[PDB]
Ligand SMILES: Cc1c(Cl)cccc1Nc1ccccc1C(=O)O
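Only one chain is included here, represented as C-alpha coordinates and corresponding to the form solved without this ligand.
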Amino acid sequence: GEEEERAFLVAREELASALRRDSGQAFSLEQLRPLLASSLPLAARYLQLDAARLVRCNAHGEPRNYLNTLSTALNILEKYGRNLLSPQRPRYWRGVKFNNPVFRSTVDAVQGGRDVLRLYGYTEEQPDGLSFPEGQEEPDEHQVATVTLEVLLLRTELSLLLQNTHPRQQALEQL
(Lines give C-alpha, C1' and ligand atoms only; values in the text may rest on other atoms or scores of the structure.)
Protein backbone atom coordinates (compact mmCIF):
# COMPACT_ATOMS: atom_id res chain seq x y z
CA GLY A 1 0.00 0.00 0.00
CA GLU A 2 0.96 3.61 0.67
CA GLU A 3 3.61 3.15 3.36
CA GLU A 4 5.34 0.44 1.31
CA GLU A 5 5.21 2.57 -1.84
CA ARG A 6 6.53 5.59 0.07
CA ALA A 7 9.38 3.67 1.71
CA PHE A 8 10.36 2.33 -1.72
CA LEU A 9 10.38 5.73 -3.44
CA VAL A 10 12.19 7.44 -0.55
CA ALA A 11 14.84 4.72 -0.56
CA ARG A 12 15.23 5.21 -4.31
CA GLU A 13 15.89 8.94 -3.94
CA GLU A 14 18.41 8.41 -1.13
CA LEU A 15 20.47 6.15 -3.39
CA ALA A 16 19.88 8.21 -6.55
CA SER A 17 21.06 11.28 -4.64
CA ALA A 18 24.23 9.48 -3.56
CA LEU A 19 24.91 8.66 -7.22
CA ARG A 20 24.32 12.28 -8.24
CA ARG A 21 26.66 13.40 -5.44
CA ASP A 22 29.30 10.74 -6.20
CA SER A 23 29.13 8.75 -9.44
CA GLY A 24 31.75 6.31 -8.15
CA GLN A 25 29.77 5.49 -5.01
CA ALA A 26 29.48 1.74 -4.43
CA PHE A 27 26.47 0.26 -2.64
CA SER A 28 26.46 -2.79 -0.41
CA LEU A 29 23.67 -5.35 -0.31
CA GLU A 30 22.55 -3.97 3.06
CA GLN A 31 22.23 -0.46 1.60
CA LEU A 32 20.12 -1.95 -1.22
CA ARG A 33 17.99 -4.11 1.10
CA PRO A 34 15.11 -1.55 1.16
CA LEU A 35 14.69 -2.15 -2.58
CA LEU A 36 15.54 -5.87 -2.69
CA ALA A 37 13.26 -6.85 0.21
CA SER A 38 10.39 -4.57 -0.83
CA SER A 39 7.16 -6.51 -1.36
CA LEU A 40 6.31 -4.41 -4.44
CA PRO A 41 5.63 -6.36 -7.66
CA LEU A 42 8.00 -6.17 -10.62
CA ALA A 43 5.95 -3.57 -12.51
CA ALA A 44 6.23 -1.35 -9.42
CA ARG A 45 9.91 -2.04 -8.70
CA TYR A 46 11.25 -0.99 -12.12
CA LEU A 47 9.70 2.23 -13.41
CA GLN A 48 12.13 2.76 -16.33
CA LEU A 49 13.82 -0.56 -17.07
CA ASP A 50 11.65 -3.09 -18.88
CA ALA A 51 13.13 -5.75 -16.63
CA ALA A 52 10.50 -8.36 -17.53
CA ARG A 53 11.54 -8.44 -21.19
CA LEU A 54 15.24 -8.08 -20.38
CA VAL A 55 15.21 -11.34 -18.41
CA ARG A 56 12.52 -13.33 -20.20
CA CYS A 57 13.49 -12.45 -23.79
CA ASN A 58 17.12 -13.45 -23.09
CA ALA A 59 16.25 -16.64 -21.17
CA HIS A 60 17.97 -19.07 -23.53
CA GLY A 61 19.68 -22.12 -22.06
CA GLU A 62 20.78 -22.73 -18.47
CA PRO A 63 20.16 -19.87 -15.99
CA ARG A 64 23.85 -20.12 -15.06
CA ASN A 65 24.71 -18.84 -18.55
CA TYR A 66 22.17 -16.26 -19.73
CA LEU A 67 22.07 -14.61 -16.30
CA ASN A 68 25.84 -14.16 -16.59
CA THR A 69 25.57 -12.76 -20.12
CA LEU A 70 22.82 -10.42 -18.91
CA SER A 71 24.83 -9.50 -15.80
CA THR A 72 27.79 -8.40 -17.93
CA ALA A 73 25.55 -6.25 -20.13
CA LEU A 74 23.86 -4.67 -17.10
CA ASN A 75 27.26 -4.11 -15.48
CA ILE A 76 28.41 -2.23 -18.59
CA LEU A 77 25.16 -0.25 -18.87
CA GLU A 78 25.56 0.77 -15.22
CA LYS A 79 29.04 2.16 -15.95
CA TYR A 80 27.65 4.09 -18.92
CA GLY A 81 25.17 5.65 -16.50
CA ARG A 82 27.82 6.39 -13.87
CA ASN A 83 29.95 7.92 -16.64
CA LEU A 84 27.23 10.47 -17.42
CA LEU A 85 26.96 11.32 -13.70
CA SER A 86 30.72 11.82 -13.34
CA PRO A 87 31.65 15.53 -13.25
CA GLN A 88 34.84 14.48 -15.07
CA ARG A 89 33.88 12.61 -18.24
CA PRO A 90 35.82 11.64 -21.36
CA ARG A 91 35.64 14.28 -24.07
CA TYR A 92 33.23 12.47 -26.39
CA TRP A 93 30.69 11.09 -23.91
CA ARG A 94 27.78 12.32 -26.06
CA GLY A 95 27.91 9.29 -28.38
CA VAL A 96 28.06 5.52 -28.00
CA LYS A 97 29.53 3.61 -30.95
CA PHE A 98 28.28 0.08 -31.59
CA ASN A 99 31.04 -1.09 -33.95
CA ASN A 100 33.32 -1.87 -31.00
CA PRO A 101 33.64 -5.69 -30.80
CA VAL A 102 33.50 -5.35 -27.01
CA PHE A 103 30.18 -3.55 -27.28
CA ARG A 104 28.93 -6.24 -29.67
CA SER A 105 29.88 -9.03 -27.25
CA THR A 106 28.50 -7.37 -24.08
CA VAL A 107 25.60 -4.92 -24.42
CA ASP A 108 24.58 -5.97 -27.92
CA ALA A 109 24.55 -9.63 -26.76
CA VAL A 110 21.11 -9.19 -25.13
CA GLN A 111 17.84 -7.86 -26.51
CA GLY A 112 16.97 -4.49 -25.01
CA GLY A 113 20.54 -3.54 -24.12
CA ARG A 114 20.65 -0.76 -26.70
CA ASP A 115 17.29 0.59 -25.52
CA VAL A 116 18.66 1.11 -22.00
CA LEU A 117 21.11 3.71 -23.32
CA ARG A 118 18.12 5.60 -24.71
CA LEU A 119 16.82 5.96 -21.15
CA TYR A 120 20.07 7.76 -20.26
CA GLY A 121 19.46 10.25 -23.07
CA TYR A 122 21.32 8.61 -25.97
CA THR A 123 18.19 9.13 -28.04
CA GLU A 124 19.35 10.12 -31.54
CA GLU A 125 19.88 7.14 -33.83
CA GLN A 126 23.13 6.89 -35.77
CA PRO A 127 24.31 4.33 -38.34
CA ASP A 128 27.23 3.51 -36.03
CA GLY A 129 25.52 4.03 -32.66
CA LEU A 130 23.37 6.33 -30.53
CA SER A 131 24.02 9.87 -29.37
CA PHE A 132 22.57 12.74 -27.38
CA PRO A 133 20.60 15.44 -29.22
CA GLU A 134 23.11 18.08 -30.31
CA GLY A 135 20.98 20.73 -28.60
CA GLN A 136 21.15 19.01 -25.20
CA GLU A 137 24.51 20.06 -23.74
CA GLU A 138 24.31 18.19 -20.40
CA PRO A 139 22.52 15.02 -19.27
CA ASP A 140 19.45 14.90 -17.04
CA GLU A 141 21.19 14.03 -13.77
CA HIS A 142 18.05 12.81 -12.01
CA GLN A 143 16.96 10.67 -14.96
CA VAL A 144 20.43 9.14 -15.38
CA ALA A 145 20.57 8.47 -11.63
CA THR A 146 17.23 6.62 -11.59
CA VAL A 147 18.08 4.44 -14.61
CA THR A 148 21.56 3.74 -13.23
CA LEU A 149 20.08 2.63 -9.90
CA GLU A 150 17.54 0.36 -11.62
CA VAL A 151 20.25 -1.19 -13.81
CA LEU A 152 22.39 -1.70 -10.70
CA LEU A 153 19.43 -3.19 -8.81
CA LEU A 154 18.46 -5.54 -11.65
CA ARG A 155 21.98 -6.97 -11.83
CA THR A 156 21.95 -7.30 -8.04
CA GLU A 157 18.62 -9.13 -7.97
CA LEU A 158 19.83 -11.48 -10.72
CA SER A 159 22.99 -12.25 -8.74
CA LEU A 160 20.96 -13.01 -5.61
CA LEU A 161 18.74 -15.36 -7.62
CA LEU A 162 21.93 -16.94 -8.97
CA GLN A 163 23.20 -17.76 -5.46
CA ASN A 164 19.73 -18.86 -4.24
CA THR A 165 19.67 -15.97 -1.74
CA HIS A 166 17.11 -13.39 -2.92
CA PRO A 167 15.06 -12.20 0.09
CA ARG A 168 11.88 -12.57 -1.96
CA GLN A 169 13.16 -15.36 -4.21
CA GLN A 170 9.74 -17.06 -4.34
CA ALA A 171 7.82 -14.30 -6.13
CA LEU A 172 10.74 -13.35 -8.40
CA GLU A 173 11.48 -16.95 -9.45
CA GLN A 174 8.92 -16.45 -12.25
CA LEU A 175 11.51 -14.59 -14.35
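So that the term is clear: the rigid core is the largest set of C-alpha atoms that superpose within 1.5 Å between two forms. All residue numbers are counted from 1 along the displayed sequence. Shifts are known only where both forms have a C-alpha.
Just so you know, the form deposited with this ligand bound exists too; it's not on screen, but the next bit is about it.
- Contact annotation for the candidate site: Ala52, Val55 and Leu158 all lie close to this ligand in the bound PDB entry (heavy atom within 4.5 Å).
- This ligand is not shown here, but in the bound PDB entry it comes within 4.5 Å of a heavy atom of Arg45.
- Residues placing heavy atoms within 4.5 Å of this ligand in the bound PDB entry fall in a single listed stretch, namely 37 to 45, out of 24 to 32, 37 to 45, 135 to 143, 116 to 124.
- In sequence order, the runs of three or more residues whose C-alphas all shift by 2 angstroms or more between this form and the one not shown, with the rigid core superposed, are 163 to 165, 168 to 175.
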